[PDB]
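Q: Provided herewith is a single structure, encoded as structure tokens, for subsequent inquiry.
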Amino acid sequence: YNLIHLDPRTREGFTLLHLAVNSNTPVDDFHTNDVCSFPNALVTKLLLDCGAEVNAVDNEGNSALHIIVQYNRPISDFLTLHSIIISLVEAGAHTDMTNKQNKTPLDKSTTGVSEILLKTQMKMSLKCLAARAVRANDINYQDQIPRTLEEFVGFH
Amino acid sequence: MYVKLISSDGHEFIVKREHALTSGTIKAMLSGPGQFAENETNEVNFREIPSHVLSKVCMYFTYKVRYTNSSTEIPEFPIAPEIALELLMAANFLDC
Amino acid sequence: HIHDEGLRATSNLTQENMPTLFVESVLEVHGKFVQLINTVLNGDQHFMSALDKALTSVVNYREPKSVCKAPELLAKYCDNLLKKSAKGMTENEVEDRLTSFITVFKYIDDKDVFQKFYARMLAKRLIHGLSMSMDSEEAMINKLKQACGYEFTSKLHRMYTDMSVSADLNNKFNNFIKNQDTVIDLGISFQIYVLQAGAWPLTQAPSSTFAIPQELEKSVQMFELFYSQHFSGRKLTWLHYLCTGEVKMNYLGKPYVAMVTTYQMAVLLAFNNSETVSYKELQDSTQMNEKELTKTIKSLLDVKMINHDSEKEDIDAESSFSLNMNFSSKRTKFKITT
Amino acid sequence: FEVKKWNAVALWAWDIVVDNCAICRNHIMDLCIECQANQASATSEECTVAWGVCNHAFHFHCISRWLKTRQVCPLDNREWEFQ
Amino acid sequence: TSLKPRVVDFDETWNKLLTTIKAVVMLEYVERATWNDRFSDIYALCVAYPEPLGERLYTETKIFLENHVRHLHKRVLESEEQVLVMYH
Ligand SMILES: [Zn+2]
Ligand SMILES: [Zn+2]
Ligand SMILES: [Zn+2]
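Protein chains in written order, with the authors' numbering: chain D, 472 to 627; chain E, 17 to 112; chain A, 318 to 655; chain B, 22 to 104; chain C, 1 to 88.
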């Protein structure tokens with residue numbers, strides 16, 4: 472919890488949660504490959520229990536949910552994909568969060584398993600549909616909505 | 017089983033009660049000293065939501081109840097450009 | 318224990334420099350017991366809350382059938398730190414001794430009384446020039462804003478802002494005097510400390526009533542025109558008793574200057590036309606109440622610039638005085654304090 | 022024995038009892054909240070007082086920022102026009 | 001009136017809100033119109049212009065709670081042998 476509140480940031484903007492769910496996080500050639508294999512369900516769950524910023528955004532734009540859904544092994548270790556997906560979603564994750572390239576996590580999936588597994592967790596909301604409609608047609612929302620909605624519109 | 021959502025203009029949008037409780041505040045507005053367990057009116061007075069956007073909220077309620085578990089290429093919700101940014105804060109107030 | 322420790326550290330003080338002793342004693346107790354809690358009791362939250370509660374019961378320790386001395390003592394401690402004096406402290410020293418002071422201040426639990434007392438002392442230190450550093454006043458005002466809410470230091474910060482923006486007002490007034498139709502004669506050097514009513518604790522209460530002297534009515538008129546043209550919709554009421562002016566006594570030897578209040582200044586006007594002036598002969602021009610006139614006359618008789626022609630030195634209906642031509646002062650800058 | 026230097030002190034009120042920028046909830050004669058921050062860049066004079074026809078007082082920055090989207094006076098919901 | 005951020009005076013809305021939250025924590029009777037009108041007051045405070053008063057609303061509610069349960073604690077402790085039925 473102390474380290475999470477320190478809020479570390481890798482040169483690519485990867486927070487502590489982004490690395491725990493990314494399969495691109497390197498593990499050194501020693502015996503750590505036998506145990507410390509990423510993404511890990513237990514590591515992500517422990518980070519979320521310690522108040523990790525689930526909606527943290529790197530400089531690329533990907534949230535903690537865009538990074539996982541690009542996982543290239545969705546079947547052999549489907550347990551540690553499903554566990555991280557549900558752990559993210561039930562804590563604070565915004566399933567419809569739009570990165571800097573206008574990509575929904577469903578768009579940046581490249582996998583049917585992750586796409587439909589996330590769709591099973593996507594609680595549709597009128598707030599998200601209205602945010603998408605506001606962003607798509609570029610309505611000037613400055614100071615005409617609550618401030619928390621302004622960053623919410625920025626999310627979509 | 018029919019909650020009556022009044023609007024800022026008096027447009028009483030009577031909707032199915034199970035449909036309306038998909039929103040948090042309408043679930044909360046009927047919870048507590050607003051229950052009125054007599055199935056007579058069960059009315060809700062939105063003194064800050066215009067009728068034209070409360071109607072879209074009610075269409076959203078019906079749309080969500082219908083297409084919750086389907087996910088079989090659900091049709092896109094028609095939000096007019098002018099009524100957005102009113103629907104946005106309406107759904108902020110009436111959460112989901 | 319901490320409670321009793323406070324009663325063995327702050328209740329034993331006997332007058333003297335109590336403002337610098339009460340706060341220092343409470344700070345010493347706090348520093349001893351927060352060091353002990355942090356290094357022995359692991360800095361536990363419950364024990365820190367116990368420390369804060371005990372010191373809350375210690376700082377504003379109310380003697381039965383009496384008001385707590387904590388707010389006035391803390392206000393006087395801040396006054397003594399901020400007021401310029403020969404104590405030799407520097408800006409760093411008074412900045413440190415006020416940052417540590419806030420630890421005592423948070424336990425007052427009677428913040429309104431401290432606000433009233435601090436406003437009363439800040440008014441004096443800003444009007445009479447007793448402030449050591451204006452930046453120090455700003456720092457102390459800002460520290461109380463960080464301790465408790467802005468509504469606490471609303472009037473205080475407004476008083477500080479009023480006293481800060483006075484040179485600019487005087488410069489604008491001089492510019493208006495220069496660029497106002499003909500060259501208005503500046504027979505006086507008129508610097509004004511304009512203040513916001515409601516902010517400052519000063520109350521005019523003009524039941525005493527006063528009449529401005531003739532040589533000052535022109536300045537009143539030109540400043541009224543300046544403050545009605547440059548600024549709009551502002552009732553400028555005149556706070557007479559705090560106005561002071563200097564006079565050099567060229568009537569006798571020209572030895573010194575005689576800085577004196579306006580109420581006592583209006584005494585000298587009638588004495589300027591004729592040396593012998595009676596009580597009502599003085600009063601017809603000032604047109605003030607009997608109490609303030611008697612007080613000013615008594616203060617001037619202590620100054621003894623005017624000598625009582627009547628043998629009865631006590632103030633009565635006649636009460637005719639004159640200029641004491643034999644009176645002289647040791648210094649060349651004979652300021653009359655109140 | 023004549024007056025040559027004078028110090029004078031005079032109070033002043035606003036001729037209308039107003040005691041807070043209702044937008045900012047700090048006093049109008051104080052700096053606005055927007056100018057409360059970046060006080061080094063602010064000159065402490067730009068925080069002028071703006072008066073409407075409704076005899077309500079706010080800082081110029083505050084009522085200007087409020088007027089960029091809402092054309093109505095913040096306190097009483099009627100149209101706003103400067104003095 | 002709409003749902004846009006508007007200028008809200010906390011010291012008056014809270015007083016209009018305290019009379020409801022004080023009567024809903026004691027299970028007194030508050031009319032349905034007032035209860036439905038309060039949901040706008042928390043909303044108005046939480047999106048107030050130009051600084052949301054969610055911190056002020058939460059702090060004042062916490063202060064009221066600690067000044068209400070402590071009032072209940074004195075009453076329960078006031079009764080000597082009935083502290084169980086006064087607690088319940
Ligand atoms: Zn303002
Ligand atoms: Zn400003
Ligand atoms: Zn107005």
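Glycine included, every Cβ here is placed at the ideal spot set by N, Cα and C.
Give a yes or no on whether the minimum CB-CB distance between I44 of chain B and chain C is below 8 Å.
A: Working through the fourth sequence from its first residue, we reach residue 44 of chain B at position 23. Chain C, which has a Cβ nearer than 8 Å to the Cβ of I44 of chain B, makes this yes.
Q: Can you list, in chain order, the residues of its chain with a C-beta nearer than 7 Å to that of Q432 of chain A? Leave out the 5 residues immediately preceding and following it.
A: Along the third sequence, read from residue 1 onward, the residue named residue 432 of chain A stands at position 115. For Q432 of chain A, where only same-chain residues beyond five positions count, the Cβ hits under 7 Å are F469.
Q: Taking a cut of 7 Å between CB atoms, which residues from the segment 22–50 of chain C lie near chain D?
A: If the cut-off is 7 Å between Cβ atoms, the segment 22–50 of chain C has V47 near chain D.
Q: Report yes or no: is there a C-beta of chain C within less than 8 Å of the C-beta of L96 of chain B?
A: Residue 96 of chain B sits at position 75 when you count from the first residue of the fourth sequence. It does; some Cβ of chain C falls within 8 Å.
Q: Does DSSP put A575 of chain A in a helix, in a strand, or in coil?
A: Within the third sequence, numbered from 1, the residue matching residue 575 of chain A stands at position 258. Coil at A575 of chain A, not helix or strand.
Q: Any idea which residues DSSP pairs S639 of chain A with across the strands?
A: Here residue 639 of chain A refers to the residue found at position 322 when the third sequence is read from its first residue. Partner(s): A:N624.
Q: Taking C-beta pairs closer than 8 Å, name the residues in chain E that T13 of chain C reaches, listed in chain order.
A: The sequence position of residue 13 of chain C within the fifth sequence is 13, counting from 1. Those within 8 Å of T13 of chain C in chain E number zero; the least Cβ separation is about 14 Å.
Q: Would you verify that the beta carbon of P97 of chain E is, or is not, closer than 8 Å to some beta carbon of chain D?
A: Position 81 of the second sequence holds residue 97 of chain E. Judged by the 8 Å Cβ criterion, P97 of chain E is in contact with chain D.
Q: Skipping 5 residues on each side, what residues in its chain have a beta carbon closer than 8 Å to that of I475 of chain D?
A: Residue numbering aside, residue 475 of chain D sits at position 4 when the first sequence is read from its first letter. These residues qualify, in order along the chain: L487, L518, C521, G522, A523 and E524.
Q: List the DSSP bridge partners of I22 of chain E.
A: Locating residue 22 of chain E in the second sequence gives position 6, counting from the first residue. DSSP lists E:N61 as partners of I22 of chain E.
Q: Name all residues in chain order for which at least one heavy atom of ligand 1 lies closer than 6 Å to the residue's CB.
A: Those residues are B:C42, B:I44, B:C45, B:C53, B:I54, B:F79, B:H80 and B:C83, given in chain order.
Q: Keeping to the same chain, check which residues put their C-beta closer than 8 Å to that of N504 of chain D; ignore five residues upstream and five downstream.
A: Position 33 of the first sequence, counted from the first residue, corresponds to residue 504 of chain D. Closer than 8 Å at Cβ, skipping near neighbours: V498.
Q: Compute the distance between the beta-carbons of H320 of chain A and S374 of chain A, then report whether it is under 8 Å.
A: Numbered from its first residue, the third sequence carries residue 320 of chain A at position 3. Numbered from its first residue, the third sequence carries residue 374 of chain A at position 57. Their beta carbons are under 8 Å apart, which means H320 of chain A touches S374 of chain A by this criterion.
Q: Does at least one heavy atom of ligand 2 sit under 7 Å from the Cβ of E66 of chain B?
A: Walking along the fourth sequence from the start, residue 66 of chain B turns up at place 45. Not under cutoff, so the answer is no.
Q: Alpha carbon to alpha carbon, what distance is there between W87 of chain B and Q572 of chain D?
A: Residue 572 of chain D sits at position 101 when you count from the first residue of the first sequence. Residue 87 of chain B sits at position 66 when you count from the first residue of the fourth sequence. Rounded to the nearest angstrom, the two C-alpha atoms are 33 Å apart.
Q: When a residue counts only if its C-beta is closer than 5 Å to some heavy atom of ligand 3, which residues count, in chain order?
A: This criterion selects B:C75, B:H77, B:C94, B:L96 and B:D97.
Q: Does the beta carbon of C599 of chain D fall short of 7 Å from some heavy atom of ligand 2?
A: Reading the first sequence from its first residue, position 128 is the one you call residue 599 of chain D. Checking the Cβ of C599 of chain D against ligand 2 gives no.
Q: Mind the definition here: the segment 518–535 of chain A touches the segment 36–47 of chain B only if three or more C-beta pairs lie below 8 Å; say whether that holds.
A: Flag = no, the segment 518–535 of chain A and the segment 36–47 of chain B do not touch.
Q: How would you label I63 of chain C, buried or exposed, when you count the other beta carbons within 10 angstroms and need 16 or more for buried?
A: Position 63 of the fifth sequence, counted from the start, is the residue given in the question as residue 63 of chain C. The residue in question, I63 of chain C, is exposed, as its Cβ has fewer than 16 Cβ neighbours within 10 Å.
Q: Determine which residues of the segment 503–528 of chain D have a Cβ less than 7 Å from any Cβ of chain C, and write them out in chain order.
A: So nothing in the stretch comes that close.
Q: Using 10 angstroms around the beta-carbon of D478 of chain D, count the other beta-carbons present and answer buried if the total reaches 16, otherwise exposed.
A: The residue labelled residue 478 of chain D in the question sits at position 7 within the first sequence. Classification of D478 of chain D: exposed, given that the 10 Å Cβ count is below 16.
Q: Under a CB-based cut-off of 8 Å, is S471 of chain A close to chain B?
A: By one-based count along the third sequence, residue 471 of chain A stands at place 154. Yes, because at least one Cβ of chain B sits closer than 8 Å to the Cβ of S471 of chain A.
Q: Below 8 Å CB to CB, which residues in the same chain sit around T582 of chain D once its five sequence neighbours on both sides are set aside?
A: Along the first sequence, read from residue 1 onward, the residue named residue 582 of chain D stands at position 111. Only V540, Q541, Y542, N543 and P545 meet the Cβ criterion.
Q: Could you give the residue range of the alpha helix (DSSP H) that holds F350 of chain A?
A: Here residue 350 of chain A refers to the residue found at position 33 of the third sequence. First-last of the alpha helix (DSSP H) with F350 of chain A: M335 to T356.
Q: Can you name the residues of chain D whose CB is closer than 7 Å to the CB of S87 of chain E?
A: Along the second sequence, one-based indexing puts residue 87 of chain E at 71. By Cβ distance, chain D contributes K590.
Q: Determine the contact status of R414 of chain A and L398 of chain A, defining contact as a CB-CB distance below 8 Å.
A: Here residue 414 of chain A refers to the residue found at position 97 when the third sequence is read from its first residue. Here residue 398 of chain A refers to the residue found at position 81 when the third sequence is read from its first residue. Their beta carbons are under 8 Å apart, which means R414 of chain A touches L398 of chain A by this criterion.
Q: How many angstroms separate the CA atom of residue 141 of chain C from the CA atom of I21 of chain C?
A: Only positions 1 to 88 of chain C appear in this structure, which leaves residue 141 of chain C out of reach.
Q: What residues match up with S506 of chain A in a beta bridge as DSSP calls it?
A: Counted from its first residue, the third sequence places residue 506 of chain A at position 189. In DSSP, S506 of chain A forms a bridge with B:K26.
Q: Note down, one range per segment and in chain order, each alpha helix (DSSP H) of at least 4 residues found wholly within the segment 574–627 of chain D.
A: Here the runs fully enclosed are 583–590, 597–608 and 618–626.
Q: Under 8 Å between C-beta atoms, does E609 of chain A make it to chain B?
A: As a working note, residue 609 of chain A is residue 292 in the third sequence. No - not a single Cβ of chain B is within 8 Å of the one on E609 of chain A.
Q: From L553 of chain A to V482 of chain A, what does the alpha carbon distance come to, in whole angstroms?
A: For the purposes of this step, residue 553 of chain A is taken as the residue at position 236 of the third sequence. For the purposes of this step, residue 482 of chain A is taken as the residue at position 165 of the third sequence. Using only the alpha carbons, I get a separation of about 16 Å.
Q: Would you please verify whether the beta carbon of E102 of chain B is less than 8 Å from any beta carbon of chain A?
A: Along the fourth sequence, read from residue 1 onward, the residue named residue 102 of chain B stands at position 81. Closer than 8 Å: no.
Q: For a cutoff of 8 Å on Cβ pairs, would you count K25 of chain B as touching chain D?
A: The residue given as residue 25 of chain B occupies position 4 in the fourth sequence. Taking Cβ atoms only, chain D never reaches closer than 8 Å to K25 of chain B, which makes this a no.
Q: Name the chain C residues whose beta carbon is nearer than 9 Å to that of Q615 of chain D?
A: Numbered from its first residue, the first sequence carries residue 615 of chain D at position 144. Those within 9 Å of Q615 of chain D in chain C are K4 and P5.
Q: Please return the same chain residues whose Cβ sits closer than 7 Å to the Cβ of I444 of chain A, not counting the five positions on each side in sequence.
A: On the third sequence, position 127 is the one that residue 444 of chain A refers to. Same-chain partners within the cutoff: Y510 and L559.
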